[PDB]
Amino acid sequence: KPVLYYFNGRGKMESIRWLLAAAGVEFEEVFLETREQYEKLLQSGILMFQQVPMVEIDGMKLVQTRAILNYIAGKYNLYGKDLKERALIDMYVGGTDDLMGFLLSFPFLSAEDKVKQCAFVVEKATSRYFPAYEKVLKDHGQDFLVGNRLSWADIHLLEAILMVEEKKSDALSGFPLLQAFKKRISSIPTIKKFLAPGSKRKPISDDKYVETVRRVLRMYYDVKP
């Protein structure tokens, strides 16, 4: 059973939690709460680059979020059928990875910049990413982004859709296909379960999360928008 080393919040580990749940894969979590728990980890040398996320899976101590997702997508057949499909999946994931990235430092921002950051994110979504994914689905008319079947690109897009809707409830208005897309993917048994209450899915990160990360890593004390 894979073990996820990160803090007790979303951050970069959330997308990992999603993919594993989507693959219907049971997993354990290890949360960093104290600076000494971390330093103890550095001492063991299990974090190749001194960072987290880190995931022990199949005898590996994988670090680097994209390497972790890539491996999981591949291991569970959520990475397409050939190089071409994977290329499309990677191009799509890169988009949502950028979009979600804009919300990763939100909890570390100040009320002042949070207001600005929210504006920036939503705008990027309605003017850049939603149009792009809405277009893919339209010109393809299929039920999924790639290969007419559930793939990691679909799962990454849904998570990003929901993160934006958490900021602007009506952000999907004007994107009928994406709306239908949301219903389909959200009803997949595994994803449906991950969305139901009581899952390991994490809520939006808050001060407690931020504060913990700062004590543990001694950084990001002044994250800029």
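Numbering starts at 1 and follows the sequence shown.
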- Out of 123-131 and 103-111, which one has CA B-factors that are higher on average in the deposited record? 103-111
- Task: Report the stretch with the higher mean CA temperature factor, choosing between 204-212 and 11-19 on the basis of the entry.
- Result: 204-212
- Among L145, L78, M91, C118, the highest C-alpha B-factor in the PDB entry belongs to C118
- When the entry's CA B-factors for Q37, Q50, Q64, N70 are compared, the highest one belongs to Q37
- Chain-relative C-alpha B factor for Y5 (record values, thirds): the lowest
- Query: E28's Cα B-factor: lowest, middle or highest third of the chain?
  - Reply: highest
- Hey, what third does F181 fall into on Cα B-factor, ranked over its chain? highest
- Once the chain's modelled residues are ordered by C-alpha B factor and cut into thirds, is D139 in the lowest, middle or highest one? highest
- Note on the structure: On the chain's distribution of Cα B-factors, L157 falls within the third called lowest
